[PDB]
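These notes are about the structure you will find just below.
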Amino acid sequence: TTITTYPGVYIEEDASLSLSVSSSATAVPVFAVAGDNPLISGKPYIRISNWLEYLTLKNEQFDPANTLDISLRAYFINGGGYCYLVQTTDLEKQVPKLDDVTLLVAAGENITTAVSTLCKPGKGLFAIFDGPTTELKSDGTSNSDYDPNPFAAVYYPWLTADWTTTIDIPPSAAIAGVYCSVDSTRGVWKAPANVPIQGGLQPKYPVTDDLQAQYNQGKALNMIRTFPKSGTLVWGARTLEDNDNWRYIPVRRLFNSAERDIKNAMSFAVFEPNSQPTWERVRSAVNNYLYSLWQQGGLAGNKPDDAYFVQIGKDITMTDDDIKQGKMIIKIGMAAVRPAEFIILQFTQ
Amino acid sequence: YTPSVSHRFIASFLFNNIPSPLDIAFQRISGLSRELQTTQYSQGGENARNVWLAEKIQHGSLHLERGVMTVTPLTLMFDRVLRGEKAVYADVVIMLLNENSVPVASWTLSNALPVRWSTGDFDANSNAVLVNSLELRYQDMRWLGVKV
Amino acid sequence: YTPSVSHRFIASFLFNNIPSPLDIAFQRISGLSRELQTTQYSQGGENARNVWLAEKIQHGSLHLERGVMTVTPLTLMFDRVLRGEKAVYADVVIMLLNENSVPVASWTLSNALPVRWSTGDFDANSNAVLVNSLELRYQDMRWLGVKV
Amino acid sequence: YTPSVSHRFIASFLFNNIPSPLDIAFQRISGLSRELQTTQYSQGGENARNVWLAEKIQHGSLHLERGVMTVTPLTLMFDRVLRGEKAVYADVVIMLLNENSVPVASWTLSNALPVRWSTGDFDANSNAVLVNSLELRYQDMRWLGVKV
Amino acid sequence: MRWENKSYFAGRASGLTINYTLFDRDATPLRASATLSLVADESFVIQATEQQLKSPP
Amino acid sequence: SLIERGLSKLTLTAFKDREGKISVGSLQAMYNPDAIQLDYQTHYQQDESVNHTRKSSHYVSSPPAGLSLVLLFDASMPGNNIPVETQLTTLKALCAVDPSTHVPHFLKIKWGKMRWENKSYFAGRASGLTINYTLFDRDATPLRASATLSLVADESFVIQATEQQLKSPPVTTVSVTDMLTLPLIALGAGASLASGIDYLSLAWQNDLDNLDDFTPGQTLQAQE
Amino acid sequence: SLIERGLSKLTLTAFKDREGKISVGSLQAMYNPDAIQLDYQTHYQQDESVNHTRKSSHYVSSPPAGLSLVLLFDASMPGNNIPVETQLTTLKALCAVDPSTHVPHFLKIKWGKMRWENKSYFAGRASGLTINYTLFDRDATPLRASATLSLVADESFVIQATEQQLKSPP
Amino acid sequence: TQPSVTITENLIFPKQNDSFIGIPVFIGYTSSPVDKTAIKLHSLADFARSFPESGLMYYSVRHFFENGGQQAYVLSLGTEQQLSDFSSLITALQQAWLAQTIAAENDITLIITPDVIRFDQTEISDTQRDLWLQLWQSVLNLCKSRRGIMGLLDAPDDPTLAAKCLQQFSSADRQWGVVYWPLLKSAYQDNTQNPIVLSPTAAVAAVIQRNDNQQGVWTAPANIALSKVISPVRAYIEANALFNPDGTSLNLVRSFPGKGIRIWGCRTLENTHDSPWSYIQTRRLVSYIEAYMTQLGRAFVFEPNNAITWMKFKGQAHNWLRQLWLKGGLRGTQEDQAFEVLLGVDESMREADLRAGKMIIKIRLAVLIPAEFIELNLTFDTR
Amino acid sequence: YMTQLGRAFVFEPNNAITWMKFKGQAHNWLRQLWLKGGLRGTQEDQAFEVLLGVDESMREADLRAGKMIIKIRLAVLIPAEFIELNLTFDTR
Amino acid sequence: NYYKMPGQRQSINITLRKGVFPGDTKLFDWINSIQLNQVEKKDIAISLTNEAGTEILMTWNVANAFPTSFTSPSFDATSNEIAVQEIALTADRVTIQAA
């Protein structure tokens with residue numbers, strides 16, 4: 001069996017699960033884990049590549065009474081890729097060490113402090129919260145404890161399945177799987193809503209149009225609702241800031257991906273001479289990436305001149321003081337496409 | 001009177017009133033045709049004129065070509081029908097696009113039935129892309145738009 | 001969406017669930033097709049729409065091309081069937097390989113029956129390799145892989 | 001796996017078990033083919049698979065090409081049969097030669113019947129050799145050799 | 001549709017042929033065609049009234 | 001289907017008697033037929049009168065229903081190990097004259113969920129059997145043969161009697177609703193009866209005190 | 001097969017009597033037929049009753065089973081030295097009327113392992129024979145001819161009686 | 001206890017996957033207390049599993065199933081010991097959790113309250129008339145909890161009181177209310193062998209659910225016989241003031257000699273002469289078209305708001321409506337007469353609407369009219 | 001059967017081509033058994049499933065050890081041991 | 001009437017010529033890395049430069065170029081030239097940017 005001695009065929013009668021794994025580079029989450037978990041104790045972080053690797057490292061059968069087990073099963077069954085496990089108390093110390101992490105997922109923990117510190121402009125991070133575990137208050141004050149952070153989003157309610165017990169799956173684990181699937185399929189600029197939730201996952205509480213009407217502005221909550229013919233869908237694509245910019249998750253997450261990709265594209269220019277020939281090389285690299293992004297459909301405009309612009313040069317973006325200090329400054333402006341959200345049918349005879 | 005080119009187009013498949021976003025790019029789509037079947041009748045003393053009597057209307061078939069790529073909902077539907085499972089219908093919308101990706105002419109097809117899937121030959125001496133050929137038979141055709 | 005070339009492929013024949021290691025190189029393999037036969041029905045008062053009724057599914061044949069080489073188990077099977085001996089079945093797996101010799105697409109044919117063997121002409125003015133042409137007829141086709 | 005060229009070959013005719021030494025050079029010999037005839041059967045509730053039933057085996061015909069030359073025993077047999085005399089059978093051995101004039105592959109035909117003789121056109125504007133075209137029909141085929 | 005001056009054809013069946021051409025795996029018939037032929041058999045009251053209408057007393 | 005996807009096979013069963021209480025044998029077809037035909041015919045005779053101008057025809061005995069099949073037997077392809085002659089011998093023996101009753105056996109045709117005009121089986125007797133041999137081995141063993149089979153319906157007398165009295169009951173029962181009259185009740189109750197019923201007879205059978213001696217919700221009975 | 005691969009040939013034998021106790025002659029076909037047809041028919045009469053509504057039919061006499069073959073005779077190709085006229089003369093004489101019994105001969109058809117519905121032979125009498133000549137020599141010698149033969153079953157009384165009491169024992 | 005064949009009185013309850021356009025909910029006091037959720041019933045056996053087989057609710061549900069019903073919901077307001085009078089029932093129907101429970105369930109399309117029959121109706125005072133007006137408004141408010149729900153209402157037993165209620169009823173929700181009259185004397189009997197009196201709304205709901213699959217949602221559910229009904233409580237000659245061609249009117253339940261008890265009306269409470277919702281089948285047909293376009297519209301939320309997306313919606317919407325028109329569901333001899341779909345950056349929206357994230361579709365429909373009256377004029381041939 | 005099929009791949013190269021040969025034949029045989037009524041399921045994916053790959057059923061450690069792991073799932077039929085009949089009156 | 005419109009843009013073909021230097025095989029290593037249809041595609045920029053190389057005047061940008069042909073020097077025993085290799089590239093787009 002597991003002990004191989006003779007050449008030939010061995011027979012096993014097991015019951016271990018088997019799932020599938022996708023690959024999305026723009027969605028690499030980190031899961032907050034309770035410190036009492038034996039697997040994460042004594043280590044800074046653990047990288048999980050698939051359900052097979054997790055089960056091998058656990059060396060135990062699948063337990064539906066473990067919050068971390070169900071979260072990973074929900075995450076992987078929804079199409080998520082390789083992720084990182086970090087204890088909640090170590091988030092502000094270990095996340096900056098990791099370079100490819102893009103999502104900060106609260107797998108049922110309280111990461112309010114970590115989000116307020118890590119998720120800042122320029123850091124290239126997005127946070128996924130958990131909604132209240134009780135019924136939604138009709139006064140519209142069920143979201144008072146969330147900060148108006150444009151880099152975070154909340155999802156309600158928690159989910160249950162066939163393999164469920166007194167504990168319910170946190171919505172963040174399943175949503176993070178949706179992010180991986182949508183990005184690899186339709187791109188990061190497409191809204192991660194109006195998509196089915198894989199598995200037998202079902203919302204624990206029903207939300208109607210009247211209930212969602214209160215929590216779709218300001219610090220908006222994203223609902224997971226069931227519809228008569230389409231099953232269970234993600235209904236909501238708004239961040240925690242209600243502004244003409246960063247109102248929608250796709251716009252905020254597209255800029256996060258573009259900033260990371262551009263940063264990698266022109267990282268060859270560091271420790272190069274700070275002269276005009278270097279600036280032209282950097283402009284070529286940035287313009288090449290932006291044209292490719294527009295070609296894929298990630299930018300709005302009929303021609304590239306209407307979708308982006310790049311400026312770099314002396315007396316255009318930087319002065320003598322900037323050059324003498326070793327600073328190279330580039331201006332990039334790109335237009336994102338915003339989705340249609342309200343459909344109005346006008347009936348007449 | 002400015003004519004339209006025939007190398008910019010898009011097709012969308014709707015399964016259970018749900019469009020498929022991954023099935024819009026095709027290498028070729030055959031032209032759509034409608035024919036009014038008629039039979040010629042001849043009178044007794046009429047030897048210099050002809051009379052044509054109208055009958056039912058015949059629709060053509062829809063042929064598409066596409067390279068081998070990742071499995072998509074259109075592929076899964078075709079495989080299920082050709083595996084012997086219950087037949088299912090699909091709605092197709094063909095659009096002819098202008099320079100601003102605005103459909104100047106569009107054709108809609110009702111209840112299209114997958115009836116044939118074929119693939120190109122494996123040639124050791126060739127320099128070509130493996131191409132799938134799909135054909136569907138639909139019930140009705142209807143065109144919309146400012147051009148036709 | 002990157003398509004696949006059609007000049008890198010492998011074919012394996014299984015005789016009594018034993019694969020043949022010497023029968024994997026072929027100059028040409030014809031494409032595999034499935035067709036759903038249909039009959040058009042016309043109603044009484046319906047003169048503007050068509051109705052198509054599904055029927056059985058028709059599978060194509062498998063055609064292979066190969067040069068004249070040493071005797072292999074595939075050749076012996078073909079010779080036995082075409083010599084008037086008892087008919088025997090074989091299972092065939094056709095795989096499309098990528099740059100790492102990983103089959104992205106694969107088709108398996110069940111119960112393939114040898115039905116034809118033909119050879120090229122002996123031409124004294126030619127500069128060509130003598131090529132055998134084989135044809136088989138199978139009962140069912142199923143595809144497995146990540147691309148199609 | 002080195003393949004064999006198709007422009008070096010020899011044919012021998014045996015008349016009453018006497019080989020003909022003057023009938024071994026030919027401009028062209030057509031390929032030899034065997035086909036197992038089959039009929040497709042359809043069951044009652046089986047609408048996704050196909051069944052093929054074997055039948056008798058069909059052999060092809062033998063075609064030879066040769067220029068106009070002195071009368072040989074093969075010509076005399078062909079003339080006698082096409083003159084209206086008693087039919088006579090002949091045995092033919094076709095051999096594919098390698099660089100050492102060793103037959104790597106060989107096909108034997110039993111009871112070959114001469115059935116057609118045609119000649120090329122007399123054209124006053126041509127620059128070509130007058131070529132005879134012969135066709136024979138045989139009863140059985142059998143191949144011997146280390147290659148095929 | 002009028003069947004020779006009447007909105008209905010009154011009669012009785014004289015032949016019925018059913019051809020089954022397609023079946024499921026559990027032998028459930030999926031396609032069948034029925035050829036139906038009737039012979040006219042009208043009502044006596046309508047015949048009497050039409051008779052005395054065209055040939056009044 | 002609902003549970004699995006097994007291929008149902010057509011079966012032929014033979015009995016000595018009409019009621020099917022003495023089984024003779026059975027045969028399962030190795031290949032299901034791809035087409036099944038059912039035929040119904042009925043004959044009428046035109047009415048000729050010297051004083052009536054009516055046009056009418058009266059019913060005459062209808063021939064029994066017919067059924068036709070084509071079965072294919074093969075023993076050449078792989079997996080077909082039952083000899084053709086064995087299957088053809090069994091098929092003919094089931095359709096032959098019984099040595100005891102001196103009449104051909106009574107047959108039943110069953111195939112999955114197929115219904116042969118309201119019944120799961122076709123009850124009848126063979127009226128024709130043609131066999132064509134098309135392929136032979138070197139020792140003259142038949143490898144392929146097709147049998148064309150045609151039967152005529154011959155149903156059981158017990159089933160016919162029960163169905164007759166089910167649709168034409170000797171006694172029928174009706175329920176009285178609002179604004180019903182005795183002639184209306186007799187029409188509804190007498191529809192199923194062979195000879196109908198009149199309002200006076202219906203009243204007498206139910207022991208009514210008068211022609212309106214009933215109330216809504218009450219039940220009434222009607223005999224022959 | 002089990003031992004060898006020889007080609008069995010169809011044979012036709014004639015007898016004067018029903019039980020086959022007096023042989024008349026035999027003929028071995030030079031070419032086996034490529035198809036054989038067996039036909040069975042049986043007739044029923046519908047039951048008519050004035051007081052019964054039952055639907056039923058009763059068995060009436062069934063015609064005897066029929067068999068049909070086509071034989072080809074050739075005398076032109078190499079190796080075919082038996083004259084066509086001799087073979088055709090033998091074939092008809094087996095199917096003709098016996099001068100002693102004034103009735104046509106009783107025939108038996110045997111061919112290899114072929115079973116003519118539970119027996120290794122078909123017992124019957126010729127009911128039709130059509131001969132088509134299609135090729136002749138310069139002296140009008142027939143070179144090719146095909147005979148279409150059709151028989152009707154006429155079995156032995158002893159075998160019928162034994163099989164009857166075997167399946168319905170006293 | 002070996003394997004064998006045995007006889008049992010148990011019942012099995014397999015899952016059912018069938019769907020219907022019209023599903024009613026029975027709201028009233030049941031035999032036993034339950035939670036605040038709505039129980040789904042697939043047959044009378046399911047009701048017995050949850051509630052004892054007694055009380056008004058049991059017989060109303062039984063009447064629904066024996067008239068061709070297939071699927072229903074039961075919402076319990078409490079135990080039968082809590083019934084006091086008419087005004088208490090109106091207060092119970094005005095509770096807050098009822099609307100949320102009904103709105104959460106997407107299958108409910110009709111609303112039935114069987115408990116209106118229990119109370120006494122021997123006074124024709126204006127207090128009773130005001131009480132009946134409150135009940136109709138309370139039920140209609142429940143229908144507003146979600147688009148497409150229609151309420152089947154009862155009427156006062158006394159024809160004079162019922163005629164008063166119709167004239168003085170005032171509301172903006174008339175198009176969602178349908179009233180039937182009078183009560184029905186069912187075929188079931190109590191312990192004293194007296195026939196049980198039931199509201200006609202239970203049988204009408206079964207007819208509506210059955211009629212949708214048979215004839216279509218665009219076909220009026222009138223002129224259909226009822227089952228298990230002995231006789232209407234009051235004769236047809238007392239309802240001459242309850243039908244108004246230019247006002248509010250009831251739907252009479254009436255009997256005929258030889259035809260049984262049939263529904264004899266198809267109007268709603270909509271009293272406006274030119275309003276398009278004067279018939280129940282017309283209001284239910286448009287809600288059926290609205291439901292499909294809502295389902296089709298949901299597939300385009302969070303999608304790019306460009307011309308390609310609009311063509312995908314417009315092509316499918318035009319496709320579905322043409323299929324319905326060719327089935328006889330819409331009025332018109334030309335395709336452009338039956339329906340029209342408008343969706344574009346200038347046909348139906350403006351550039352401001354695109355900026356706000358909206359997507360506006362204009363749909364026009366032509367519906368059929370029932371044949372309520374037939375007049376015959378017979379004249380002599382001038383020849 | 002899978003033991004007999006598996007024996008043909010011992011001492012063979014452990015690459016994706018070998019895995020596809022086994023997977024194609026195993027999927028071929030199981031479907032034939034399912035269509036004969038030997039397995040329970042109205043859909044092909046319900047009756048059985050075969051997994052064989054470098055990440056579906058194995059890891060790079062398993063390849064180094066010389067192993068080849070195949071995961072097979074089956075659905076079997078249940079016999080009819082008890083039959084209960086409930087007879088009720090048609091309420092019509 | 002007579003209407004003329006632009007059609008489809010054709011593919012861009014580029015040739016570069018370089019001398020042969022000791023220990024340098026970068027260009028050949030690029031074309032020799034093609035496996036079946038996979039190759040690393042590189043962007044290429046050609047700039048007109050200040051006479052001293054410290055300032056750019058005009059830039060030609062080439063996107064997604066991969067090699068299709070490689071020409072080795074011809075070895076002539078009577079010549080007085082430098083070994084020169086040539087590479088041919090196929091690309092998608094060309095743009096011109098003014099400095």
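Heavy atoms only: backbone and side chains are in, while hydrogens, waters and symmetry mates are out. By convention in this document, chain letters (A, B, ...) are assigned in the order of the sequence lines, proteins followed by strands, and residues within each chain are numbered from 1.
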Rounded to the nearest 0.5 angstrom, the CZ-OH distance for F/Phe73 and F/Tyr31 is 11.5 Å
Atom of F/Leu72, atom of F/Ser146 and distance for their closest heavy-atom approach: CD1-CB, 4.1 Å
Step-by-step side-chain hydrogen bond (donor to acceptor under 3.5 Å, both in side chains) determination, C/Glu65 to C/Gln27: CA-CA 5 Å; C/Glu65 262 164 50; C/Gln27 173 192 256; 2.9 Å; yes
Between B/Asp121 and C/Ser30, do the side chains contain an N or O donor and an N or O acceptor separated by less than 3.5 Å? no
Can you check salt bridge (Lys or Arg N to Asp or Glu O under 4.0 Å) on C/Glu99 and C/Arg8, steps first, answer last? CA-CA 9 Å; C/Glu99 82 263 357; C/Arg8 166 74 20 101; over 6 Å; no
What about the rings of B/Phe122 and C/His7, do their centers lie closer together than 6.0 Å? no
Test side chain to side chain contact (heavy atoms under 4.5 Å, CB included) on F/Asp74 and F/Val84 and set out the steps. CA-CA 6 Å; F/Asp74 165 77; F/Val84 168; 5.7 Å; no
When you look at D/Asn50 and D/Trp52, which way does the side chain to side chain contact (heavy atoms under 4.5 Å, CB included) test go after all the steps? CA-CA 7 Å; D/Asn50 294 159; D/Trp52 299 93; 3.9 Å; yes
C/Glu35 side chain to C/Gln37 backbone, donor-acceptor under 3.5 Å: no
Quick check: does any side chain N or O of E/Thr28 sit under 3.5 Å from a backbone N or O of F/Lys113, one acting as donor and the other as acceptor? no
Indicate, with yes or no, if the rings of E/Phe23 and F/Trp111 have centres closer together than 6.0 Å. yes
NZ of I/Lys21 to CD1 of C/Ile10, rounded to nearest 0.5 Å, is 6.5 Å
CG of I/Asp45: more than 12 outside heavy atoms within 6.0 angstrom? yes
Look at the rings of I/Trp29 and I/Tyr1 and say which category their plane angle falls in: under 30° parallel, 30 to 60° tilted, over 60° perpendicular. parallel
For E/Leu30, does the CG atom have more than 12 heavy-atom neighbours from other residues, nucleotides or ligands under 6.0 Å away? yes
Determine whether C/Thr72 and C/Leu76 make a side-chain contact, defined as any pair of heavy atoms from C-beta on separated by less than 4.5 Å. no
Hey, does the side chain of C/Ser6 reach the backbone of B/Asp123 with a donor-acceptor pair shorter than 3.5 angstrom? no
Please give me the minimum heavy-atom distance between F/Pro142 and F/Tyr133, naming the atom from each residue. CB-CD2, 3.7 Å
Going through the checks in order, is the salt bridge (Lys or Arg N to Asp or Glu O under 4.0 Å) test met by F/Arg5 and I/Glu44? CA-CA 9 Å; F/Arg5 307 276 291 149; I/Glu44 197 206 290; over 6 Å; no
State, with a plain yes or no, whether a side-chain heavy atom of B/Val71 is found less than 4.5 Å away from one of C/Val148. yes
Do you know which two heavy atoms are closest between I/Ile72 and I/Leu30, and how far apart they sit? CG2-CD1, 4.3 Å
Can you classify the ring geometry of B/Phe26 versus B/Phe13 as parallel (below 30°), tilted (30 to 60°) or perpendicular (above 60°)? tilted
Quick one: closest heavy-atom pair of F/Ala75 and F/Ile82, and the distance? CB-O, 3.9 Å
Cation over ring face, C/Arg34 and B/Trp117, 6.0 Å, 45°: no
Contact between C/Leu53 and E/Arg31 at the side-chain level, heavy atoms closer than 4.5 Å - yes or no? yes
Tell me if a side-chain donor or acceptor on C/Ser133 pairs with a main-chain N or O of C/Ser118 at a distance below 3.5 Å. no
Which pair of non-hydrogen atoms, one from B/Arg116 and one from B/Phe78, has the smallest distance, and what is that distance? O-CE2, 3.2 Å
Kindly indicate whether the side chain of C/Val88, heavy atoms from C-beta on, has any atom under 4.5 Å from the side chain of C/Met77. yes
Kindly check if the number of other-residue, nucleotide or ligand heavy atoms within 6.0 Å of NZ (B/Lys86) is above 12? no
Do the side chain of I/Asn15 and the main chain of I/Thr18 share a donor and acceptor less than 3.5 angstrom apart? yes
Side chain of F/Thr86, backbone of F/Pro83: donor and acceptor closer than 3.5 Å? no
For I/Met58 and I/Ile69, the nearest pair of non-hydrogen atoms, with its separation, is SD-N, 3.4 Å
Can you list the steps and then say if C/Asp140 with C/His59 is a side chain to side chain contact (heavy atoms under 4.5 Å, CB included)? CA-CA 7 Å; C/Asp140 189 35; C/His59 291 293; 3.6 Å; yes
Are C/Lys147 and B/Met69 packed together at the side-chain level, in the sense that at least one heavy-atom pair is separated by less than 4.5 angstrom? no
Calculate, to the nearest 0.5 Å, the distance between atoms CG and CG belonging to C/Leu74 and C/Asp79 respectively. 11.0 Å
Heavy-atom side-chain contact between B/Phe15 and B/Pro73 under 4.5 Å: yes
Crowding at CZ, C/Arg83 (>12 non-hydrogen neighbours, <6.0 Å): yes
Do B/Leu130 and C/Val5 come close enough that some side-chain heavy atom pair is under 4.5 Å? no
Within-4.5 Å side-chain heavy-atom neighbours: C/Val81 and D/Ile57: no
Could you walk me through whether F/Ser8 and E/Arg25 pass side-chain hydrogen bond (donor to acceptor under 3.5 Å, both in side chains), step by step? CA-CA 6 Å; F/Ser8 302; E/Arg25 283 191 84 73; over 6 Å; no
So, F/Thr134 versus F/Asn132: side-chain donor-acceptor pair below 3.5 Å or not? no
N-O pairing of D/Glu46 and C/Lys56 below 4.0 Å: no
Could you measure the distance from the CG atom of F/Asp34 to the CG atom of D/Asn47? Nearest 0.5 Å is fine. 10.0 Å
Hey, are C/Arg66 and C/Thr75 close enough side-chain-wise for a donor-acceptor pair under 3.5 Å? yes
Can you list the steps and then say if I/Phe9 with I/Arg7 is a side chain to side chain contact (heavy atoms under 4.5 Å, CB included)? CA-CA 5 Å; I/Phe9 297 101; I/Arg7 269 176 200 137; over 6 Å; no
For the atom pair CD (I/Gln25) and CG (C/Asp91), what is the distance rounded to the nearest 0.5 Å? 4.5 Å
Donor-acceptor check, side chain of C/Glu55 to backbone of C/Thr38, threshold 3.5 angstrom: yes or no? no
Working to the nearest 0.5 angstrom, can you tell me the gap between C/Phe9 CZ and C/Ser106 OG? 15.5 Å
Heavy atoms of other groups near J/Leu36 CG, more than 12 under 6.0 Å: yes
Could you tell me whether the side chain of F/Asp137 and the main chain of F/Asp139 form a donor-acceptor pair under 3.5 Å? no
Checking C/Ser20 against C/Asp23 for the side-chain hydrogen bond (donor to acceptor under 3.5 Å, both in side chains) test, could you report, in this order, the C-alpha distance in whole Å, the side-chain angles of both residues, the deciding distance, and whether it holds? CA-CA 6 Å; C/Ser20 186; C/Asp23 294 306; 2.5 Å; yes
